[PDB]
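Here is the naming used below: chain letters follow the sequence lines, and residue numbers restart at 1 for every chain. First listed ligand is number 1; within each ligand, the first listed atom is number 1. Values below: every heavy atom of this structure, side chains too, minus hydrogens, waters and symmetry copies.
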There are 2 protein chains.
Amino acid sequence: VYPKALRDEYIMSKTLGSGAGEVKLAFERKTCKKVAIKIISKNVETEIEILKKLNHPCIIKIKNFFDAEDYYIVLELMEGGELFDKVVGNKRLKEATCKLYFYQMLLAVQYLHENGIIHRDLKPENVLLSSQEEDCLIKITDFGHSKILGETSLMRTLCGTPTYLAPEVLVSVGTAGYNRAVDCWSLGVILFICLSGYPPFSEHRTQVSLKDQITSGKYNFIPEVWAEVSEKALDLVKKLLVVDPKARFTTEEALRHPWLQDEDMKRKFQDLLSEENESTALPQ
Amino acid sequence: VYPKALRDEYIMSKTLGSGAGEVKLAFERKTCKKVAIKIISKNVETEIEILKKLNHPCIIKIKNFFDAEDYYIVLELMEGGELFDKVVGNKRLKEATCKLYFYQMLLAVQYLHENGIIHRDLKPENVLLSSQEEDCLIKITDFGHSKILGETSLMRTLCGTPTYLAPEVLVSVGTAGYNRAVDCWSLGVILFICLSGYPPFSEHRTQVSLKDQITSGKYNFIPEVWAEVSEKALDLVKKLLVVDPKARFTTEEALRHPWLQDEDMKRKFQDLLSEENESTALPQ
Ligand SMILES: C/C(=N\NC(=N)NO)c1ccc(NC(=O)c2cc3cccc([N+](=O)[O-])c3[nH]2)cc1
Ligand SMILES: C/C(=N\NC(=N)NO)c1ccc(NC(=O)c2cc3cccc([N+](=O)[O-])c3[nH]2)cc1
């Protein structure tokens, strides 16, 4: 059965998704409104803490949380489902739809990085759509692998004289503080899949191992699928799939790329934000 | 003033050491025995947790702990003081004394590594002597930078398909799980200083930066100080000061080195253990 405290505030209904994890439709008794309830079989409390602090329109908000039994996380309903379903089976989005979605993922990830959070599991399964219409708001979800940046053990070590410090610690200094770049690589892979309908690194019809494809940065380019995709879109993809994390595009540099200097798309985004927002009277 | 709970069980006395940190002599009221009390100005509770679990004769034991005000950690008195004082000002130990001390540090560090703990701050300041005699027991102290090994974020990542995984994560696989090797490097530096009276990497009379000395592994060899030190001792030092952490000697390999196959030293250690041990009658 469901826990008593949950049943007290919500009525449970049908299944919406089935991860590995389950998501259910429920109604909040007090308001009679639809919510979604993520059930996780039993750092989930830390994921909750992270998600209570975050406030961005492209990031999922927690409405409630119960620790049974199992963990139950109540959130806003995203009737559009996962982005994954819009890209599976070589289905692909129109270029204008990718730009809208991608702009939102960048802003979301940018906001995470400004606030010392790395997501570490960005993929189409973790991007949710606000409605069944192609032009909609998306929200990033699933902070189970996320990581809070802060004062590292490395920084504390480098305040003393390194008389006793091992060489590998000193060499790691050259590349520390670039952990966030794994989110930018993931965005690059997501963008690729969105624009093309297929993944860049895959074991389908190759003898190069997946690992060797990824560490060399040699993505599977099929010229006849990309023919109808602009050059600007492909150019952004290439600056995100750069193997050196220090040379890879950050969220900032991706937001300044020619492909995202599209004032139609930005207006379409601003207007979607207003549609979502229903709140109080202002002075004036 | 001192906290009431501490004053309740102990009478405070003179200062023994003054770190950066203070260590005081105290008497336990119940037994009238001398103890040492480390005062740390306010993961110290985690250091306490680590040190309550550990049980090895060459590792410091906690007798009590109070969280004021400041933190107060009660421990066994080590009348011999820090190893640092026996090696400062180019003073050096006899080769037989280094072997005795070093054997103990290896066993201590070995035991830490078997139990998933990396110390990360081994230095002569953190090695304590049981008595003012040259032949004595030593104990490792100060677990403030220590680290509990466990199921890494890296291991969890490699259970899925790396479709979305960045190249730097896959490259880090080659060298992960060697964090403990920083303790073996530190032991190498400590041994060097003990056998020679001077540090291997230093800014004294050089133009090579400290960092460049350490990452190249080019220690300062002064032939006329080492002349009186055996070849076997120097050979062990060289296998610990190896820059590649994967090729560096572990505690196990150092314990099997010809320099530590000295049955006189091991007997002298076993007999010191018996001197320390005063406890209950046995069957038979
Ligand atoms: C926070 C979180 N997971 N955290 C975690 N540690 N997972 O392991 C989490 C993961 C997934 C979701 N998914 C949804 O809210 C979600 C999935 C889905 C599918 C069809 C339809 C809807 N829908 O609301 O219409 C859906 N909502 C919501 C939250
Ligand atoms: C656990 C710990 N420190 N932990 C920490 N986080 N430090 O920052 C710690 C550090 C140092 C010591 N030192 C001693 O017990 C200690 C130092 C010393 C000097 C002269 C003489 C004696 N003595 O007992 O005769 C001494 N004992 C004892 C504990």
Side-chain angles (χ1 to χ4, degrees), chain A residues 14-26 34-48 50-51 54 59-63 65 71-85 119 121 125-132 139-146, chain B residues 14-26 34-48 50-51 54 59-63 65 71-85 119 121 125-132 139-146:
Chain A
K14 66 167 155 88
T15 287
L16 297 165
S18 278
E22 168 114 354
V23 178
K24 298 202 134 63
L25 186 55
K34 294 163 159 161
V35 300
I37 298 188
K38 173 65 169 168
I39 303 162
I40 296 163
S41 273
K42 157 177 276 218
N43 52 18
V44 176
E45 271 169 353
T46 302
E47 177 183 357
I48 292 336
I50 290 173
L51 283 184
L54 294 175
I59 293 165
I60 218 68
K61 298 182 207 315
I62 308 324
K63 298 196 198 288
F65 178 63
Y71 303 101
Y72 295 81
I73 303 160
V74 184
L75 52 151
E76 62 262 23
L77 193 69
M78 293 296 283
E79 287 174 321
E82 306 180 343
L83 182 61
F84 178 79
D85 295 320
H119 187 282
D121 199 33
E125 303 82 315
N126 288 339
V127 184
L128 303 176
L129 315 190
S130 280
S131 72
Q132 292 175 36
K139 305 186 186 278
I140 275 165
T141 190
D142 185 5
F143 282 77
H145 294 269
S146 68
Chain B
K14 66 167 155 88
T15 287
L16 297 165
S18 278
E22 168 114 354
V23 178
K24 298 202 134 63
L25 186 55
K34 294 163 159 161
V35 300
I37 298 188
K38 173 65 169 168
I39 303 162
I40 296 163
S41 273
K42 157 177 276 218
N43 52 18
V44 176
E45 271 169 353
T46 302
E47 177 183 357
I48 292 336
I50 290 173
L51 283 184
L54 294 175
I59 293 165
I60 218 68
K61 298 182 207 315
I62 308 324
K63 298 196 198 288
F65 178 63
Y71 303 101
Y72 295 81
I73 303 160
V74 184
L75 52 151
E76 62 262 23
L77 193 69
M78 293 296 283
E79 287 174 321
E82 306 180 343
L83 182 61
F84 178 79
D85 295 320
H119 187 282
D121 199 33
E125 303 82 315
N126 288 339
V127 184
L128 303 176
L129 315 190
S130 280
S131 72
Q132 292 175 36
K139 305 186 186 278
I140 275 165
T141 190
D142 185 5
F143 282 77
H145 294 269
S146 68

**Report entry** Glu47(A) side-chain N/O to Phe143(A) backbone N/O, donor-acceptor pair under 3.5 Å
**Finding:**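 Yes.
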
Show which side-chain atoms of residues 16-25 of chain A pair as donor or acceptor with protein atoms under 3.5 Å away, not counting sequence neighbours.
residue	atom	partner	partner atom	Å
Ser18(A)	OG	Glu22(A)	OE1	3.2
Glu22(A)	OE2	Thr15(A)	OG1	2.7
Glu22(A)	OE2	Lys24(A)	NZ	2.5
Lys24(A)	NZ	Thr15(A)	OG1	3.2

Requested in this report: Please step through side-chain contact (heavy atoms from CB on, under 4.5 Å) for the pair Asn126(B) and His119(B), ending with a clear verdict.
Outcome: CA-CA 10 Å; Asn126(B) 288 339; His119(B) 187 282; 4.2 Å; yes

pair [X]-[Y]: side-chain heavy atoms closer than 4.5 Å:
X	Y	value
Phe65(A)	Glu45(A)	yes
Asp142(A)	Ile60(A)	no
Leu75(A)	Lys61(A)	no

Query - Set of residues that line ligand 1, where lining means a heavy atom lies under 4.0 Å from it - result: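 Residues within 4.0 Å of ligand 1: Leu16(A), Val23(A), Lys38(A), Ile40(A), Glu47(A), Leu75(A), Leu77(A), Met78(A), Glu79(A), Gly81(A), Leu128(A), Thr141(A), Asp142(A), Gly144(A).
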
